[PDB]
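Quick one, fold the following:
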Amino acid sequence: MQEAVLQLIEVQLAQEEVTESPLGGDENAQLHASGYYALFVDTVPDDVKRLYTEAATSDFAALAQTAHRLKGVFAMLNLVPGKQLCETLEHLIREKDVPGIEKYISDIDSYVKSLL
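Numbers count the residues shown, from 1 in each chain. For reference, the structure is listed below:
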């Protein structure tokens with residue numbers, strides 16, 4: 001050991017990336033802090049209960065417009081998973097999957113319930 005002898009390491013806290021931890025921090029608290037919580041309890045639950053009501057009548061036209069509305073407002077709130085639910089909702093309407101539609105309506109209801 002005359003040349004290389006001994007090293008401390010090779011990179012020394014380098015060549016690493018702390019780009020872990022995906023979605024999930026305090027998004028609901030963030031939306032509360034911004035003040036958009038007012039909207040969250042204004043038109044959102046109204047569209048949700050309407051979703052339920054229009055689903056009962058099987059008014060896919062109204063289901064679609066509200067799914068798109070929710071997709072837009074969730075995208076506005078920057079809620080990706082929420083907008084995703086609305087995305088699948090519109091797809092379920094296109095496929096005429098009634099049980100799927102109501103399932104996702106319930107999933108959005110449960111979603112909104114936990115975020116409210």
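
Spatially central residue in this structure, please.
With distances taken as CA atoms, centre = their mean, residue 81 lies nearest the centre of the chain, 2.0 Å away.

What helix or strand is it located in?
Residue 81 belongs to helix 80-94 when assigned by DSSP states H and E.

If you count contacts, what does that helix end up packed against?
In terms of contacts (3 or more CB pairs under 8 Å, 6 or more residues apart in numbering; DSSP states H and E), helix 80-94 is packed against helix 60-77, helix 98-115. To be clear about C-beta, it is placed using only N, CA and C from the backbone, and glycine gets the same treatment.

mind giving me a markdown table with those and columns for distance to residue 43 and mean neighbour count?
Output for those, formatted as a markdown table (distance: least, CB to CB, whole Å; neighbours: other CB atoms under 10 Å):
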| stretch | distance to residue 43 | mean neighbour count |
| --- | --- | --- |
| helix 60-77 | 8 | 18 |
| helix 98-115 | 12 | 16 |
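
Cheers, nothing more for now.
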